[PDB]
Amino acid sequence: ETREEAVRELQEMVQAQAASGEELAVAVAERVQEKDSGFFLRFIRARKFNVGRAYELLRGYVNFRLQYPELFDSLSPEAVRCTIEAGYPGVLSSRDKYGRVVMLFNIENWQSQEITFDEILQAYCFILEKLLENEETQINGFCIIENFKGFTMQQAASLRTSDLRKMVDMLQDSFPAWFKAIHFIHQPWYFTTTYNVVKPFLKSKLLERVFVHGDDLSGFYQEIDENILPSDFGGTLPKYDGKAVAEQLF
């Protein structure tokens, strides 16, 4: 069958490229040796069975793990569960009109000293790994809704550029085939500085996927159905509770 052959070919390419000794190629081979066929199919299907292109995606996925080992080295599924239970980030039970998974983040009362930026990116990665087991999601991908209504100057001033860059690379290196859009709502005037800091690190393809809505959600609701969003993201569903998602994943 085509799938098993495609997976085999990808594996062969991984080995062939590693044989050159090129640093990244060698790391890919080492980092995927425990993976099942399902893992390789995510990349293959995301690139319409084009093996070389699937391999290019795989390189970025591994590169992210090489550059940010602190996110992966001592990952504890139990600790990640607690982060998710606390609502960071969230996940909608329904897909949007594009058939995408919708992820959520509400910065209001986020306290970086209780739940770190890194801990939240670990939760993103943990969730995405699970979600990407699903074959429709492997094609449709996901989006992110950021409610910045409660973004304080204190939070703004404390955001580390290195952390913002880590998030950029998560979307641009680890998950570019699947990250489709990010929608910022209710952001304050000083969001402009924060955006300006990240801008130089964004490829043009990624910039095209960033939307900033302020207080006018008319266009936002054309994209994400109001009737599938929690009340704290402008929707008609109950206030987002991380416990439900947590129980579904674990």
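Numbers for residues come from their place in the sequence shown, where the first is 1.
Given 218-226 and 177-185, the range whose Cα B-factors average higher in the PDB entry
Looking at the record's C-alpha B-factors, the answer is 218-226.
Tell me which of 79-87 and 158-166 has the higher mean C-alpha B-factor in the deposited entry.
Mean C-alpha B-factor is greater for 79-87.
Can you pull the Cα B-factors for 136, 108, 133, 119 from the entry and say which is highest?
If I rank 136, 108, 133, 119 by C-alpha B-factor, first place goes to 108.
If you check the C-alpha B-factor for each of 147, 172, 74, 140 in the entry, which is highest?
By C-alpha B-factor in the record, 74 ranks first.
Using the B-factor values recorded in the entry, state whether the Cα atom of residue 48 falls in the lowest, middle or highest third among the modelled residues of its chain.
It belongs to the middle third of the chain when residues are ordered by C-alpha B-factor.
Please say which third, lowest, middle or highest, residue 37 falls into when its CA temperature factor is compared across its chain.
Answer is highest: the recorded C-alpha B-factor places it there.
Would you mind checking where the Cα B-factor of residue 204 ranks among the modelled residues of its chain, as the lowest, middle or highest third?
Highest third.
CA B-factor ranking of residue 153, expressed as a third of its chain
Highest third.
Using the B-factor values recorded in the entry, state whether the Cα atom of residue 67 falls in the lowest, middle or highest third among the modelled residues of its chain.
It belongs to the lowest third of the chain when residues are ordered by C-alpha B-factor.
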